[PDB]
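Peer 1: Here it is: the structure, laid out below.
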Amino acid sequence: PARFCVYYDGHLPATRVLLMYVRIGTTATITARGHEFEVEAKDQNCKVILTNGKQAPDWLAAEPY
Amino acid sequence: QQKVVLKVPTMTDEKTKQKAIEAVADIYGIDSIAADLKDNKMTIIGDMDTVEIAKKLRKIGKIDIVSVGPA
């Protein structure tokens, strides 16, 4: 069972680029594509959640680990 | 609470980036682990023990500690 949410640029396993592991229950700032995205790793579902409550960019993916 | 920046020259693709992260991902007190192929840079933020980070990554390869400082 999961301890991190793992964030990627891309959703296809063949081409996606791993960005960051974020401990579940914490927030972290990812830098990708020239911008900063502050994500909350809320729980083991690892929904992609920006701390401003706005929609994350569609390319940002997450998976539990 | 510290930010640790490592150079991990074995990270050359997605598989080797993931191997490097897996070597450190069980260290107590890590909040985030970023890795970038660009400058073979791994960034660890938490209240973990940097000495453990170094110990665990040596089995991977030859790593450099670039910086350790406040988060």
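In the structure tokens, each chain is lettered A, B, ... as it comes, each chain's residues begin at 1, and ligands are numbered from 1 in order of appearance.
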Please, which residues of chain A lie no more than 7 Å from chain B when the count uses only C-alpha atoms, and can they be set out as a VMD selection string?

Peer 2: chain A and resid 17 to 23 26 28

Peer 1: Those residues you just picked out, can you put them in a file as a PDB file, in the first residue's frame with N, CA and C atoms?

Peer 2:
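Contents of result_15.pdb, freshly written:
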```
ATOM      1  N   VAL A  17       7.372  11.179 -18.407  1.00  0.00           N
ATOM      2  CA  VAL A  17       8.601  11.570 -17.717  1.00  0.00           C
ATOM      3  C   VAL A  17       8.301  11.765 -16.243  1.00  0.00           C
ATOM      4  N   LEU A  18       8.953  10.984 -15.406  1.00  0.00           N
ATOM      5  CA  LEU A  18       8.753  11.086 -13.971  1.00  0.00           C
ATOM      6  C   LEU A  18       9.318  12.398 -13.443  1.00  0.00           C
ATOM      7  N   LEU A  19       8.538  13.079 -12.613  1.00  0.00           N
ATOM      8  CA  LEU A  19       8.900  14.375 -12.105  1.00  0.00           C
ATOM      9  C   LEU A  19       9.322  14.283 -10.639  1.00  0.00           C
ATOM     10  N   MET A  20       8.470  13.687  -9.796  1.00  0.00           N
ATOM     11  CA  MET A  20       8.664  13.815  -8.362  1.00  0.00           C
ATOM     12  C   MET A  20       7.814  12.789  -7.613  1.00  0.00           C
ATOM     13  N   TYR A  21       8.358  12.306  -6.515  1.00  0.00           N
ATOM     14  CA  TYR A  21       7.603  11.553  -5.535  1.00  0.00           C
ATOM     15  C   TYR A  21       7.259  12.509  -4.420  1.00  0.00           C
ATOM     16  N   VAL A  22       6.017  12.476  -3.947  1.00  0.00           N
ATOM     17  CA  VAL A  22       5.520  13.351  -2.904  1.00  0.00           C
ATOM     18  C   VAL A  22       4.850  12.502  -1.846  1.00  0.00           C
ATOM     19  N   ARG A  23       5.371  12.600  -0.621  1.00  0.00           N
ATOM     20  CA  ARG A  23       4.815  11.800   0.454  1.00  0.00           C
ATOM     21  C   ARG A  23       3.318  12.089   0.681  1.00  0.00           C
ATOM     22  N   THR A  26       1.444  15.359   2.291  1.00  0.00           N
ATOM     23  CA  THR A  26       2.216  16.575   2.108  1.00  0.00           C
ATOM     24  C   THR A  26       1.944  17.264   0.778  1.00  0.00           C
ATOM     25  N   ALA A  28       3.955  19.755  -2.279  1.00  0.00           N
ATOM     26  CA  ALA A  28       5.274  19.956  -2.901  1.00  0.00           C
ATOM     27  C   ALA A  28       5.137  20.781  -4.164  1.00  0.00           C
TER      28      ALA A  28
END
```

Peer 1: Please identify the alpha helix (DSSP H) residues within chain B (assignment by DSSP from backbone atoms) and present them as a ChimeraX atom specification.

Peer 2: /B:14-24,50-57

Peer 1: Kindly export the residues of the current selection with N, CA, C and O atoms, as a CSV table (one decimal), in the first residue's frame.

Peer 2:
```csv
chain,number,residue,atom,x,y,z
B,14,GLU,N,14.4,6.8,-17.9
B,14,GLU,CA,13.3,6.7,-16.9
B,14,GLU,C,13.6,5.6,-15.9
B,14,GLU,O,13.4,5.7,-14.7
B,15,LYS,N,14.1,4.4,-16.4
B,15,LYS,CA,14.3,3.3,-15.6
B,15,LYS,C,15.4,3.6,-14.5
B,15,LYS,O,15.2,3.2,-13.4
B,16,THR,N,16.5,4.2,-14.9
B,16,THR,CA,17.6,4.5,-14.0
B,16,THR,C,17.2,5.6,-13.0
B,16,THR,O,17.7,5.6,-11.9
B,17,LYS,N,16.4,6.6,-13.4
B,17,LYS,CA,15.9,7.6,-12.5
B,17,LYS,C,15.0,6.9,-11.4
B,17,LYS,O,15.2,7.1,-10.2
B,18,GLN,N,14.2,5.9,-11.8
B,18,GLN,CA,13.3,5.3,-10.9
B,18,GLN,C,14.1,4.4,-9.9
B,18,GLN,O,13.8,4.3,-8.8
B,19,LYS,N,15.2,3.7,-10.4
B,19,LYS,CA,16.0,2.9,-9.6
B,19,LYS,C,16.7,3.7,-8.5
B,19,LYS,O,16.8,3.3,-7.3
B,20,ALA,N,17.2,4.9,-8.9
B,20,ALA,CA,17.8,5.8,-7.9
B,20,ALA,C,16.8,6.2,-6.9
B,20,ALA,O,17.2,6.3,-5.7
B,21,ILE,N,15.6,6.6,-7.3
B,21,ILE,CA,14.6,7.1,-6.3
B,21,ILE,C,14.2,5.9,-5.4
B,21,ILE,O,14.1,6.2,-4.2
B,22,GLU,N,14.1,4.7,-5.9
B,22,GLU,CA,13.7,3.6,-5.1
B,22,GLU,C,14.8,3.3,-4.0
B,22,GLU,O,14.4,2.9,-2.9
B,23,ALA,N,16.1,3.6,-4.2
B,23,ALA,CA,17.1,3.3,-3.2
B,23,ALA,C,16.9,4.2,-2.0
B,23,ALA,O,17.4,3.9,-1.0
B,24,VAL,N,16.3,5.4,-2.2
B,24,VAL,CA,16.2,6.3,-1.1
B,24,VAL,C,14.7,6.4,-0.6
B,24,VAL,O,14.5,7.0,0.5
B,50,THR,N,20.7,13.0,6.0
B,50,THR,CA,21.4,13.0,4.8
B,50,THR,C,22.5,11.9,4.7
B,50,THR,O,22.8,11.4,3.7
B,51,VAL,N,23.0,11.5,5.9
B,51,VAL,CA,24.0,10.5,5.9
B,51,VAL,C,23.4,9.2,5.4
B,51,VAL,O,24.1,8.4,4.7
B,52,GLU,N,22.2,8.9,5.8
B,52,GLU,CA,21.5,7.7,5.2
B,52,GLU,C,21.3,7.8,3.7
B,52,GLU,O,21.4,6.8,3.0
B,53,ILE,N,20.9,9.0,3.2
B,53,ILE,CA,20.7,9.2,1.8
B,53,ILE,C,22.0,8.8,1.0
B,53,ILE,O,21.9,8.0,0.1
B,54,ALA,N,23.1,9.3,1.5
B,54,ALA,CA,24.4,9.0,0.9
B,54,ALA,C,24.8,7.5,0.9
B,54,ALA,O,25.0,7.0,-0.1
B,55,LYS,N,24.5,6.9,2.1
B,55,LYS,CA,24.8,5.5,2.3
B,55,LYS,C,24.0,4.7,1.3
B,55,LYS,O,24.6,3.9,0.6
B,56,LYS,N,22.7,5.0,1.2
B,56,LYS,CA,21.9,4.2,0.3
B,56,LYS,C,22.2,4.4,-1.1
B,56,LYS,O,22.1,3.5,-1.9
B,57,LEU,N,22.6,5.6,-1.5
B,57,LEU,CA,22.8,5.8,-3.0
B,57,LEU,C,24.2,5.2,-3.4
B,57,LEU,O,24.4,5.0,-4.6
```

Peer 1: Mind checking DSSP for chain B and telling me the strand (DSSP E or B) residues as a ChimeraX atom specification?

Peer 2: /B:2-7,30-36,41-46,64-70

Peer 1: Generate a file of the selected residues that holds C-alpha atoms, formatted as a PDB file, in the first residue's frame.

Peer 2:
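New file selection20.pdb:
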```pdb
ATOM      1  CA  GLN B   2      16.384  20.340   4.842  1.00  0.00           C
ATOM      2  CA  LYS B   3      16.830  20.409   1.092  1.00  0.00           C
ATOM      3  CA  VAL B   4      19.436  17.961  -0.242  1.00  0.00           C
ATOM      4  CA  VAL B   5      20.687  18.262  -3.850  1.00  0.00           C
ATOM      5  CA  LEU B   6      22.554  15.299  -5.292  1.00  0.00           C
ATOM      6  CA  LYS B   7      24.239  14.585  -8.608  1.00  0.00           C
ATOM      7  CA  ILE B  30      11.440  12.283   3.297  1.00  0.00           C
ATOM      8  CA  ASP B  31       8.637  14.478   2.078  1.00  0.00           C
ATOM      9  CA  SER B  32       9.620  14.758  -1.614  1.00  0.00           C
ATOM     10  CA  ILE B  33      12.122  13.351  -4.069  1.00  0.00           C
ATOM     11  CA  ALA B  34      12.547  15.055  -7.439  1.00  0.00           C
ATOM     12  CA  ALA B  35      14.763  13.791 -10.193  1.00  0.00           C
ATOM     13  CA  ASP B  36      15.768  15.402 -13.450  1.00  0.00           C
ATOM     14  CA  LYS B  41      19.950  16.137 -10.320  1.00  0.00           C
ATOM     15  CA  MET B  42      18.067  14.538  -7.425  1.00  0.00           C
ATOM     16  CA  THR B  43      16.472  16.835  -4.884  1.00  0.00           C
ATOM     17  CA  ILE B  44      15.285  15.453  -1.526  1.00  0.00           C
ATOM     18  CA  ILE B  45      13.312  17.556   0.938  1.00  0.00           C
ATOM     19  CA  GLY B  46      12.412  16.417   4.429  1.00  0.00           C
ATOM     20  CA  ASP B  64      27.958  13.819  -5.339  1.00  0.00           C
ATOM     21  CA  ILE B  65      26.383  15.877  -2.581  1.00  0.00           C
ATOM     22  CA  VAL B  66      25.878  19.269  -4.231  1.00  0.00           C
ATOM     23  CA  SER B  67      24.142  21.090  -1.393  1.00  0.00           C
ATOM     24  CA  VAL B  68      22.528  20.569   1.953  1.00  0.00           C
ATOM     25  CA  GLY B  69      20.695  23.490   3.514  1.00  0.00           C
ATOM     26  CA  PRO B  70      17.412  24.739   5.021  1.00  0.00           C
TER      27      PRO B  70
END
```

Peer 1: Residues within 10 Å of residue 45 in chain A, please, as a VMD selection string. Count only C-alpha atoms; anything in the same chain fewer than 5 positions from it doesn't count.

Peer 2: chain A and resid 2 5 24 62 to 64

Peer 1: Counting only C-alpha atoms, which of A:52, A:4, A:57, A:15 gets nearest to residue 35 in chain A?

Peer 2: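 Comparing A:52, A:4, A:57, A:15 against residue 35 in chain A, the winner is A:57.
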
Peer 1: I want to know what sits within 12 Å of residue 38 in chain A, based on only C-alpha atoms, with residues of the same chain fewer than 6 positions away left out; could you give that as a CSV table (one decimal) with N, CA and C atoms, in the first residue's frame?

Peer 2:
```
chain,number,residue,atom,x,y,z
A,7,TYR,N,4.4,11.8,-9.5
A,7,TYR,CA,3.9,12.7,-10.6
A,7,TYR,C,4.8,12.7,-11.8
A,20,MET,N,8.5,13.7,-9.8
A,20,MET,CA,8.7,13.8,-8.4
A,20,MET,C,7.8,12.8,-7.6
A,22,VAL,N,6.0,12.5,-3.9
A,22,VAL,CA,5.5,13.4,-2.9
A,22,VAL,C,4.9,12.5,-1.8
A,26,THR,N,1.4,15.4,2.3
A,26,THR,CA,2.2,16.6,2.1
A,26,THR,C,1.9,17.3,0.8
A,27,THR,N,2.4,18.5,0.7
A,27,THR,CA,2.4,19.3,-0.5
A,27,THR,C,3.8,19.5,-1.0
A,28,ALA,N,4.0,19.8,-2.3
A,28,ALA,CA,5.3,20.0,-2.9
A,28,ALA,C,5.1,20.8,-4.2
A,29,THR,N,6.2,21.5,-4.6
A,29,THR,CA,6.1,22.3,-5.7
A,29,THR,C,6.9,21.6,-6.8
A,30,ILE,N,6.3,21.3,-7.9
A,30,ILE,CA,6.9,20.8,-9.1
A,30,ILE,C,7.2,21.9,-10.1
A,31,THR,N,8.4,21.8,-10.7
A,31,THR,CA,8.8,22.7,-11.7
A,31,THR,C,8.8,21.9,-13.0
A,32,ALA,N,8.0,22.3,-14.0
A,32,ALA,CA,7.9,21.6,-15.3
A,32,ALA,C,7.3,22.5,-16.3
A,48,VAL,N,-4.7,14.4,-9.0
A,48,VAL,CA,-3.8,15.5,-9.2
A,48,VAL,C,-4.6,16.8,-8.8
A,49,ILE,N,-4.0,17.3,-7.7
A,49,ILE,CA,-4.7,18.4,-7.0
A,49,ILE,C,-3.8,19.6,-6.8
A,50,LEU,N,-4.1,20.8,-7.4
A,50,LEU,CA,-3.3,22.0,-7.2
A,50,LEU,C,-3.8,22.6,-5.9
A,51,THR,N,-2.9,23.2,-5.1
A,51,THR,CA,-3.3,23.8,-3.9
A,51,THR,C,-4.2,25.1,-4.0
A,52,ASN,N,-4.2,25.6,-5.2
A,52,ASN,CA,-5.1,26.8,-5.4
A,52,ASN,C,-6.5,26.3,-5.8
A,53,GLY,N,-6.8,25.0,-5.8
A,53,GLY,CA,-8.1,24.5,-6.2
A,53,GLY,C,-8.4,24.6,-7.7
A,54,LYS,N,-7.5,25.0,-8.5
A,54,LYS,CA,-7.7,25.1,-9.9
A,54,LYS,C,-7.3,23.7,-10.6
A,55,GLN,N,-7.9,23.6,-11.8
A,55,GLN,CA,-7.6,22.4,-12.6
A,55,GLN,C,-6.1,22.4,-12.9
A,56,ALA,N,-5.4,21.3,-12.6
A,56,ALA,CA,-4.1,21.1,-13.0
A,56,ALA,C,-4.0,21.0,-14.5
A,57,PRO,N,-2.8,21.2,-15.2
A,57,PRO,CA,-2.7,21.0,-16.6
A,57,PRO,C,-2.9,19.6,-17.0
A,60,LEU,N,-0.3,16.6,-16.6
A,60,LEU,CA,0.2,16.2,-15.3
A,60,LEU,C,-0.6,15.0,-14.8
```
